[PDB]
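Data file: final.cif. Format and content: mmCIF, C-alpha atoms.
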```cif
data_target
#
loop_
_atom_site.label_atom_id
_atom_site.label_comp_id
_atom_site.auth_asym_id
_atom_site.auth_seq_id
_atom_site.Cartn_x
_atom_site.Cartn_y
_atom_site.Cartn_z
CA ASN F 4 -33.70 189.13 124.42
CA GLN F 5 -34.29 185.61 123.01
CA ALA F 6 -32.66 182.18 122.60
CA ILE F 7 -33.24 179.26 120.23
CA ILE F 8 -32.11 175.66 120.04
CA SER F 9 -32.24 174.00 116.62
CA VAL F 10 -31.23 170.53 115.50
CA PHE F 11 -31.82 168.45 112.39
CA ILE F 12 -32.17 164.78 113.28
CA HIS F 13 -31.65 162.05 110.69
CA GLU F 14 -33.09 158.56 110.22
CA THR F 15 -29.88 156.91 111.41
CA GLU F 16 -29.87 159.06 114.56
CA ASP F 17 -31.58 158.10 117.82
CA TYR F 18 -34.17 160.86 117.98
CA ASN F 19 -35.39 160.07 121.51
CA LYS F 20 -31.88 159.79 122.89
CA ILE F 21 -31.15 163.31 121.59
CA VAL F 22 -34.43 164.82 122.84
CA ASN F 23 -34.00 163.42 126.32
CA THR F 24 -30.38 164.47 126.39
CA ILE F 25 -31.25 168.03 125.38
CA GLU F 26 -34.34 168.39 127.56
CA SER F 27 -32.35 167.05 130.50
CA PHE F 28 -29.11 168.91 129.93
CA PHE F 29 -31.07 172.18 129.90
CA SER F 30 -33.45 171.07 132.60
CA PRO F 31 -35.43 172.50 134.08
CA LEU F 32 -35.32 175.84 132.26
CA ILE F 33 -36.09 174.19 128.91
CA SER F 34 -39.30 172.90 130.42
CA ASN F 35 -40.63 176.47 130.21
CA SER F 36 -39.76 176.86 126.53
CA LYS F 37 -41.87 176.43 123.39
CA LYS F 38 -40.87 173.13 121.78
CA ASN F 39 -41.36 172.39 118.09
CA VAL F 40 -40.86 169.24 116.07
CA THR F 41 -41.33 169.22 112.27
CA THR F 42 -40.59 166.54 109.69
CA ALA F 43 -39.51 167.26 106.13
CA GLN F 44 -38.65 164.70 103.43
CA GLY F 45 -37.86 164.27 99.77
CA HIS F 46 -39.81 162.23 97.25
CA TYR F 47 -38.07 159.00 98.16
CA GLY F 48 -38.79 158.46 101.84
CA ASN F 49 -35.80 160.49 103.07
CA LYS F 50 -36.99 162.08 106.36
CA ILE F 51 -35.26 164.86 108.29
CA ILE F 52 -36.57 166.02 111.68
CA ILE F 53 -36.39 169.58 112.90
CA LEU F 54 -36.40 169.97 116.65
CA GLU F 55 -36.61 173.47 118.11
CA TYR F 56 -36.87 175.17 121.49
CA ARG F 57 -37.67 178.82 121.90
CA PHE F 58 -36.78 180.80 125.00
CA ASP F 59 -38.56 184.08 125.68
CA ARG F 60 -36.65 187.03 127.11
CA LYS F 61 -37.44 185.85 130.64
CA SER F 62 -35.54 182.62 130.00
CA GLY F 63 -33.27 184.02 127.31
CA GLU F 64 -30.55 185.37 129.58
CA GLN F 65 -30.99 182.34 131.83
CA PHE F 66 -30.40 179.99 128.88
CA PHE F 67 -27.16 181.70 127.88
CA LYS F 68 -26.19 181.67 131.54
CA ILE F 69 -26.76 177.93 131.86
CA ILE F 70 -24.67 177.32 128.72
CA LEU F 71 -21.91 179.42 130.28
CA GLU F 72 -22.08 177.45 133.52
CA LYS F 73 -21.82 174.16 131.67
CA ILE F 74 -19.28 174.79 128.93
CA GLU F 75 -15.63 174.02 129.75
CA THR F 76 -13.30 177.06 129.90
CA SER F 77 -11.33 175.76 126.93
CA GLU F 78 -14.31 175.90 124.55
CA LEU F 79 -15.47 179.20 126.10
CA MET F 80 -12.21 180.94 125.23
CA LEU F 81 -12.47 179.33 121.81
CA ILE F 82 -15.72 181.29 121.51
CA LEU F 83 -14.31 184.67 122.54
CA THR F 84 -11.30 183.94 120.37
CA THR F 85 -13.98 184.20 117.65
CA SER F 88 -17.21 184.72 113.22
CA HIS F 89 -20.11 183.32 115.28
CA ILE F 90 -21.93 186.61 115.02
CA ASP F 91 -24.38 187.94 112.48
CA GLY F 92 -26.28 191.09 113.33
CA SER F 93 -26.97 190.97 117.06
CA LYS F 94 -27.33 187.21 117.41
CA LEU F 95 -24.55 184.81 118.39
CA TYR F 96 -24.57 181.36 116.80
CA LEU F 97 -23.05 178.61 118.92
CA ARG F 98 -22.96 175.26 117.14
CA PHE F 99 -22.39 172.35 119.53
CA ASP F 100 -21.35 168.77 118.80
CA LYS F 101 -24.26 166.31 118.87
CA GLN F 102 -21.97 163.33 119.57
CA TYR F 103 -20.27 164.95 122.56
CA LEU F 104 -23.49 166.06 124.25
CA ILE F 105 -25.41 162.79 123.98
CA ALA F 106 -22.36 160.64 124.67
CA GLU F 107 -20.63 162.72 127.37
CA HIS F 108 -22.96 165.57 128.36
CA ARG F 109 -20.28 167.93 127.09
CA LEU F 110 -20.58 171.14 125.09
CA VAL F 111 -17.90 171.10 122.42
CA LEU F 112 -18.05 173.64 119.61
CA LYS F 113 -18.28 172.08 116.14
CA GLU F 114 -18.47 173.40 112.61
CA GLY F 115 -21.36 173.25 110.19
CA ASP F 116 -25.11 172.89 110.55
CA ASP F 117 -25.23 169.22 111.53
CA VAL F 118 -24.95 170.25 115.18
CA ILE F 119 -27.11 171.28 118.14
CA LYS F 120 -27.40 174.96 117.29
CA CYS F 121 -27.88 177.58 120.01
CA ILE F 122 -28.70 181.07 118.75
CA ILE F 123 -28.69 183.94 121.24
CA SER F 124 -30.02 187.40 120.42
CA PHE F 125 -28.57 190.45 122.16
CA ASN F 126 -29.70 194.04 121.95
CA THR F 127 -26.32 195.49 122.90
CA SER F 128 -23.65 194.35 120.39
CA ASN F 131 -19.97 195.06 123.44
CA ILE F 132 -20.89 191.37 123.47
CA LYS F 133 -17.26 190.25 123.91
CA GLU F 134 -16.39 192.02 127.18
CA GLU F 135 -18.99 189.98 129.07
CA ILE F 136 -17.79 186.49 128.15
CA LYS F 137 -14.28 187.89 128.54
CA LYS F 138 -14.97 189.04 132.09
CA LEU F 139 -16.35 185.54 132.61
CA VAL F 140 -13.50 183.77 130.83
CA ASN F 141 -11.23 186.06 132.83
CA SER F 142 -13.23 185.40 135.98
CA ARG F 143 -13.14 181.63 135.71
CA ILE F 144 -9.36 181.70 135.37
#
```
The structure given in the file should be rewritten as structure tokens.
Amino acid sequence: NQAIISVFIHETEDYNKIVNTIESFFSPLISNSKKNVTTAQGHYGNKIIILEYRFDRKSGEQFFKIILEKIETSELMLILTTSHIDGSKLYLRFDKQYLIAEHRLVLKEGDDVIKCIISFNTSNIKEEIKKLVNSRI
């Protein structure tokens, strides 16, 4: 139905390192997505960067799929085992450190993460990752 990647990058962070990591890790599907970069700031030179990637339906399912084929079973179960749902969209917040330092998807808490939001039009949702979690095992 649709998928979105969203990350807030700070001054102290290596913006390029993150971009390359993300565009590579999700390569080459992410090459077909709409990329957005925006910069916000306060009144005292405090800049935040908002990096986004939109996936249309065509690449939506394929984006979820690639996340499923990359995430370790441990973290996957940790998902099913779960509060990451609002409406029909699933919010998966990944650890920035782990992805750029070890190309590894490790769930993390909060908004200071690489956020992946998937939108379903079926709700039900569980059974599929379960069959996969179950399958992998």
Within 8 Å of residue F:4, counting all atoms listed in the file, which residues show up once you throw out same-chain ones fewer than 4 positions away? Write them as a ChimeraX atom specification, please.
-> /F:59-61,63-64,123-126
Could you give me, as number ranges by chain, the residues that have an atom at most 8 Å away from the point (-38.6, 174.4, 125.3) in the coordinates of the file, using only C-alpha atoms?
-> F: 26, 32-39, 55-58
If you measure from atom CA of residue F:99 to atom CA of residue F:48, what distance in Å do you get, rounded to one decimal?
-> 27.8 Å
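For residue F:12, the non-local neighbours within 7 Å, defined as residues at least 6 positions apart in the same chain or in other chains and counting all atoms listed in the file, are residues 18, 51, 52 and 53 of chain F.
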Which of these residues is nearest to residue F:75, using all atoms listed in the file: F:25, F:132, F:104, F:110?
->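 Nearest candidate to residue F:75 out of F:25, F:132, F:104, F:110: F:110.
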With the PyMOL selection byres ((chain F and resi 108) around 12) as the selection, what would be picked from this file? Answer as a PDB file with C-alpha atoms, keeping the file's coordinate frame, please.
```pdb
ATOM      1  CA  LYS F  20     -31.880 159.790 122.890  1.00  0.00           C
ATOM      2  CA  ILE F  21     -31.150 163.310 121.590  1.00  0.00           C
ATOM      3  CA  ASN F  23     -34.000 163.420 126.320  1.00  0.00           C
ATOM      4  CA  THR F  24     -30.380 164.470 126.390  1.00  0.00           C
ATOM      5  CA  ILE F  25     -31.250 168.030 125.380  1.00  0.00           C
ATOM      6  CA  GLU F  26     -34.340 168.390 127.560  1.00  0.00           C
ATOM      7  CA  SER F  27     -32.350 167.050 130.500  1.00  0.00           C
ATOM      8  CA  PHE F  28     -29.110 168.910 129.930  1.00  0.00           C
ATOM      9  CA  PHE F  29     -31.070 172.180 129.900  1.00  0.00           C
ATOM     10  CA  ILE F  70     -24.670 177.320 128.720  1.00  0.00           C
ATOM     11  CA  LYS F  73     -21.820 174.160 131.670  1.00  0.00           C
ATOM     12  CA  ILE F  74     -19.280 174.790 128.930  1.00  0.00           C
ATOM     13  CA  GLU F  75     -15.630 174.020 129.750  1.00  0.00           C
ATOM     14  CA  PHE F  99     -22.390 172.350 119.530  1.00  0.00           C
ATOM     15  CA  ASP F 100     -21.350 168.770 118.800  1.00  0.00           C
ATOM     16  CA  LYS F 101     -24.260 166.310 118.870  1.00  0.00           C
ATOM     17  CA  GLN F 102     -21.970 163.330 119.570  1.00  0.00           C
ATOM     18  CA  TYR F 103     -20.270 164.950 122.560  1.00  0.00           C
ATOM     19  CA  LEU F 104     -23.490 166.060 124.250  1.00  0.00           C
ATOM     20  CA  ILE F 105     -25.410 162.790 123.980  1.00  0.00           C
ATOM     21  CA  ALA F 106     -22.360 160.640 124.670  1.00  0.00           C
ATOM     22  CA  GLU F 107     -20.630 162.720 127.370  1.00  0.00           C
ATOM     23  CA  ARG F 109     -20.280 167.930 127.090  1.00  0.00           C
ATOM     24  CA  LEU F 110     -20.580 171.140 125.090  1.00  0.00           C
ATOM     25  CA  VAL F 111     -17.900 171.100 122.420  1.00  0.00           C
TER      26      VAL F 111
END
```
Pick the closest to residue F:31 from F:83, F:112, F:8, F:69: which is it, counting only C-alpha atoms?
->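 Looking only at the distances to residue F:31, the closest residue turns out to be F:69.
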